[PDB]
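Okay, handing you the structure first.
We just call them A, B, C, D and E in the order they show up, numbering each chain from 1.
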Amino acid sequence: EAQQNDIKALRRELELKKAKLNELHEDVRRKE
Amino acid sequence: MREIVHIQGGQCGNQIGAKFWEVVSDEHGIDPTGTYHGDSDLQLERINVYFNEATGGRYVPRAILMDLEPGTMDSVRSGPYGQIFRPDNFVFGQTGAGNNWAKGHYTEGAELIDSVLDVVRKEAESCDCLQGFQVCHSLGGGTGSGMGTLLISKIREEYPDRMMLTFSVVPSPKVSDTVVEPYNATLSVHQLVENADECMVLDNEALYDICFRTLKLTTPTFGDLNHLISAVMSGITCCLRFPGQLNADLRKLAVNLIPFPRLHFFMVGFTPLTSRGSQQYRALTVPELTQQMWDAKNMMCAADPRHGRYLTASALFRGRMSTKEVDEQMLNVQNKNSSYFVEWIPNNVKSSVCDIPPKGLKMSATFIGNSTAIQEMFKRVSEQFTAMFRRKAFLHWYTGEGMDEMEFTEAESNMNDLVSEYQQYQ
Amino acid sequence: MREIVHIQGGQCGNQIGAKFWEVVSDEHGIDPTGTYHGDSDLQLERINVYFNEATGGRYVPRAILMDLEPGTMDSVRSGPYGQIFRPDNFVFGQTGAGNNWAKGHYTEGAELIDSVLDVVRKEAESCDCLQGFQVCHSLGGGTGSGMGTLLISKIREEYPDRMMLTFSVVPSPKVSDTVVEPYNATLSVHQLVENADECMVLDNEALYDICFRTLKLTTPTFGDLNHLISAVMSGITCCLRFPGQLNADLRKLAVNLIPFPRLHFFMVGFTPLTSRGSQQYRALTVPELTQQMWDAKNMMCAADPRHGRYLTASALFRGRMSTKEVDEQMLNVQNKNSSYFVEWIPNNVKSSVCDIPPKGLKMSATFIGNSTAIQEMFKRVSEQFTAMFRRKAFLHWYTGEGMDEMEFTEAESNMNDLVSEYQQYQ
Amino acid sequence: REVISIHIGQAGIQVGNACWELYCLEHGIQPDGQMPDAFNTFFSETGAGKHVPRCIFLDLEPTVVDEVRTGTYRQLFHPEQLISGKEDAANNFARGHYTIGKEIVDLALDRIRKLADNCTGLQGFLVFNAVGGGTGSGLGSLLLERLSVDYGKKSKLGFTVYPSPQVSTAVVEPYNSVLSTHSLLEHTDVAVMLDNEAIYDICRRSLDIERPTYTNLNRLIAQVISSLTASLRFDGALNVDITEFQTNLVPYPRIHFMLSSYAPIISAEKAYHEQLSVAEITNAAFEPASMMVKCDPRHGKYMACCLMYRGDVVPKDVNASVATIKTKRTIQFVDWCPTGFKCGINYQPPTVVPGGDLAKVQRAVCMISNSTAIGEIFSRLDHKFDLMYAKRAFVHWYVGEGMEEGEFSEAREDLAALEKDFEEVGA
Amino acid sequence: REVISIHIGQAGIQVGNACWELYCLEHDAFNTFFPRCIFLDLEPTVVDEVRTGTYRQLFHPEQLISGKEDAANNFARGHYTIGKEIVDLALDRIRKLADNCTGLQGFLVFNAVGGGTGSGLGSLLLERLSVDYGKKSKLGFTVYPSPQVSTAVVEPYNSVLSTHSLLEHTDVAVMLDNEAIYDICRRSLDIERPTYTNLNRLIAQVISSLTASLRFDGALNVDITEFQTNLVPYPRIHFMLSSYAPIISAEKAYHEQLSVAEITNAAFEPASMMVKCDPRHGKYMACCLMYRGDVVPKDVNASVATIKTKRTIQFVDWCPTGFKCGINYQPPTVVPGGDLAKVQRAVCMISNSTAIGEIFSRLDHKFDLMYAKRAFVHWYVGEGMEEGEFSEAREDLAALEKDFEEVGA
């Protein structure tokens, strides 16, 4: 059960990081 | 002109097809007795794609029911839109496979597949310019999966140039009805990767989940789930039946969403889907349709697309709408969520607009994303398959029927090399 | 174009917001069904600020209800104008905090606030140009104070460049509904001074005083209190919805009334507010609105400003008025009582006029004064906080949830230096 | 010859609503834009019988612009002219000069270019703004900066509204006035001040209106502009142009601030019982009970004065009347200037608009003078601006927008230097 | 004198459905059009909308050609597999259309290169027309895919493979994007939500303005052979930016004072080009100005002088006389339900420059990225193609880029 919690935490962190990355990419496109 | 022959297999195929012919007959304005009673002119000129004029305005569907148990045939014949089929098209065995893929693929199929092929041939050459065949079946059952799969292989041997659609449901461990689901689904996919043209993957978890969350139904019987699947199938072949500002046939969608020949497993979604209590609290605009389309909690598969990347995507729109709004919305979702899309492919979204909405609605949409998140289920299945096959559970029920150990190893091999190629292209 | 998304938290927030949406919808001529039935074209020009057109005259309010117990949600859908809210905007927990700021800010908030954030995001991106957010809540309860304050902090780090109004009633010893009022108020104010752009102090004691003398009501239920608060909220944002000879928007008011980033606690009053027995004997001119505006017994807080000094003040006038009269009245009340005003700022009063009165009156006004006397509440609350915390009363319900002791000491220090810093500029 | 008129801010375009109202009612054009050649200075002709004004309304808040889009004159104004932003500067000079100004002034410029290109003998521009706000102050100064670098030699008549000494509506307006004048100093060629308390007192005493709104204020401002452009629009016995004021009234390239007045502002009843001639209106134009800026020229000394005369006026008595003023000793002129007057007479009387509170007068005088009493107002502004700046009140809003503490001190000493400049020319 | 028009594809015949509506509404002057047309497509859905539409009796039944099944956004399918059975029937009709004619100026073709029918059998029709007639002009007004606005996925493959034949087959090729036209309808026509119908209406305006010289007598007439000389300085550089003025609504038109000087200017700003490219990066090689309606030669003469003396735009060092004017007397007509107001005079400008060299370079990367990983190539190869023609079409556009850079210097 412990490893299951690790899975559902790492994906959520991974998801937040991917969303931040998209924001940065969008800003570069607008600024260029 | 362009022709679609319908083939339904097994209990799942028959009941899904029953609801399908209900909604298509209403769209073309045909009564349960078989005679035209519609109002608009538009509903007459494109009924040959699905019907045949017999005599005295009797339009009979171009369908083939196929199973091994009479309960499904009698339930079909009993209900409304049951007396519109030709009784000769109810090709029907007698013994029954019963969730044994070997029975439906080697023993019992061997005496039925001859009769179905006779009917489908006579029904195929009856029309002039065939567009393709349309099959609805399952991958957990025996007479649906095994016989339907064998029928797919024989058909692709005879007609190798014609198109082929397969609406197939796959089993998931959260909704697991039979015990031998992995043994069936793994072998069934082995044949689907080499025989079908494209497969629109379905599942019951997402369907039950959709009716809970978005539709907020209380008792979602199979009728409502089959109603949703039918609405998807009507949306995918609305371009042939009605004029639009931009048309996209079956072949047109296939070439724009399949970048490599073995990468033909899709996810499907339908919009708009709203609760009955909130149907009047909403607008009907293209941006609203797009927000509900690209929601990951709206696919009709239990595979979250945000767990991977989209290779391509498709949006078939129906209704009087401005094409500019269509392209701007597709471009907007292509720029803001840049990481979820593949990089060495710009323009991962093909779009199309038809001018006739489904009956009762103003504007609808159908989404077909070819993502690389679909590989989780194949891994989600293969881990179960190995769990049984490491220790030969239930294996003798198939071995004493003809399958040898090399067949299961081959099915694992094809499953494993497939999940690696999805992982490669992500 | 300029847009306000509305957020109601807790039981206090839900009744205040309920009577608020009735008052605005009645101003814009929208019936309980939610369809337009007004006459003037002017009422349609500025409905984008608070509503969205759905279909066929259906206007839905741009509000989000957020609480923890379903009694408030069902009481909202029961009453009139209850059928206008979109049912999806009823984001909602199930367990209940119950007058425990730690339960409202650490345990139940951590799983509800992602949901309320997602609704707010859709409501913010659904519109084009945000003017600000509008949050109504209390400071004594738990599901309003702790959760709402966490929502404020989360939103401010998301959209940092937009305004934000929060209307908060605060506890007082004479109206003491719960026992842990200071432990909730002191921690809530600590977060408000560092997050909110501007706050509008309210209290229930002054509202009861208004209903006794000015309204002369027999049975002042909560409906009338919410009626007064709603009239104030409509009065301040009237400038964005209607044109006038001198328009003053929310940001224009904020920069004109806040001299220093920590001095953003205002006391509010509204005129005319007269009993039905004396409403017949009255006249409607500018001087009679002012000398009822600037009366100390009309403020909606229990902080008498003549026990302090005025930094700045503002009046928002509604109705066809002469701007010369408006300015000379502000000049007269500032020249006579010069001691009550700050000395190193001349012309302490910002004034504006709008040309649309509320229905039922010919001329009205709305006063917003940023005095220094608001520190009476901070000392008045902090001593009760100290009286329990010196002896560790009720502490374990806060401590055993995740909070430690330095949180209370830091909160004490910040509230204490705040009342100290108000006193220095005094 | 043509002159285009630009309006910035809430007060700016409201003033324009009264001006173009007065213009069409003077030249006999209905609000829809068609007649039932002197209109060529302000209206360009489509060639299909439709006349369009040479003006651009622009501001940052869409409220005041869109009642104009739906009033009676929906069809008079070309749509592109009525520029409108999306959100207001909110009484914040920096916000109008750097944050929001930088997006909107470039659209105004590439508009105003084709207004000038349609013109042939462009006499100049004339701008309307109130310095108390953020739009009229911030992007107004920014617009004047870019106008000076574009044209330079063309006149820019600035009819500005300064904040009143005691009657005020905003609280950060001392900051806005000082920073705005810092650039209005070296850009506007001829800048006319129009206070608000002075106009309030005129409507209270002269027009005997005890309850005036902004409508009457804007009405009489349009009357002064009409009296000032009649010399350009129509022929008279002795006319002047807009390039005449550049030379004849400002002795030094930094002293350009004029006190305006107009006579006779008389209600409908006094005119019936009172007499109009040139001598008494020449008198009434000088008394401080009829000035448009709260200052007293009795405390100052005149450099040069200007006198617009409208209606049935012969030139012999304007000379005799100005002679009587010079022989009086209540007002005195600077030692360096022996002659201090610039006179002008035009044939057409001022027309009246229905609904206004101005009577139909046979003759009128519009006086525009330059003095040193204007130095007292600027000093009066410095006391209360410096009053709050030392403690750094309200500075955090402007510096949060992207400014610093440097521009306050450097703008402060520049206008402080101007105080010393005014005192040394008066000696 | 007559000129016949061919329409290919979903985009081609919808453009024609608006173009012919304008021709009938506009009308011995008719002799050049009255129709001398052919619609042809592989999908029968859009052609048979015409067969039952309002213009049932207007078109002779045979004219409306229609295949059996679509090429489905597949250049190879519409050029090798399915084209081979319908193209022969089409051109063996167009021949007898030309035999009906006596003084044929030329043909004009309408196609979009993104699709399979517009691109594939477009080029196939062009190749048999070039070997059959050779000398007669064939004006091709094509629709190239936009850089950022896009509806298909494999359209880079189609656009490159179509261009390789559009070079040496058509005589005068006018680019038209969809984003640029969308921007035009958004900016000038202030239509915030446009559809394909509005685009096709103003495309017809451009076509009508360049054939009105044949139809009606003007002060300075210009034939189709005139564009052949005056705008293409090299046999392989014929790609024209288009523009039109005044594109204006019904209310704004009355308010503004349309004249010759300002519309000659407005037809030169990049805010009014029919192709998404910035000619500020390029240098004008030649310009052509069709004036319709109320035009005296003086103000058009004065207007080209002001353009030459401006420095916001530059010309090549080769042409001091870098213009070709043309004046016709009859004003442009209007369609009920159309959005363009009636104007005394209008200008359709067709130029040639090096800004077009940017669109090909922009196109190259998108095609290059997909081709490197061999995306979608298996569809085209199984249709009948090979890897040879993909790589060789790639190097043809590479040569064209160097060509524009060399001539522009």
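The working rule: a contact is a pair of C-beta atoms (placed from the backbone, for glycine too) under 8 Å apart; a residue touches a chain by one contact, two chains touch by 3 or more.
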Check your understanding: What chain lies farthest away from chain C once each centre is taken as the mean of the Cα atoms?
Key -> E
Revision key, fill the gap. Separation of the C-alpha centres, chain B versus chain C, in whole Å, is 54
**Study point:** Averaged-CA centre spacing for the pair chain E and chain A, given as whole angstrom
**Key:** 46
Exercise for review: Quick one: report the Å distance separating chain A from chain C, using the average Cα coordinate of each chain.
Suggested key: 36
Revision key, fill the gap. In whole angstrom, the CA-centroid distance of chain B from chain E equals 41
Review point. Where in chain E do residues touch two or more other chains at once?
Key: none
**Study point:** Residues of chain B touching at least two other chains
**Key:** none
Point to revise | Which pairs of chains touch, using the document's own definition | key: A-B, B-C, B-E, C-D, D-E
Revision key, fill the gap. Per the touch rule above, chain D residues touching chain E in the complex are 44-48, 50, 52, 78-80, 114, 117-118
Practice item. Could you pull out which chain E residues touch chain D in their complex? Key: 251-252, 254-257, 259, 262
Practice item. Provide the residue numbers of chain E that touch chain B in the complex, in ascending order. Key: 10, 14, 43-46, 48-49, 68-70, 72-74, 148-155, 178, 182, 193-196, 366, 369-370, 372-373, 375-376, 378-379
Revision key, fill the gap. Residue positions on chain C within touch of chain B in the complex are 52-55, 58, 60, 86-88, 122
Check your understanding: chain B touches which residues of chain A in the complex?
Key -> 11, 15, 18, 21-22, 25-26, 29
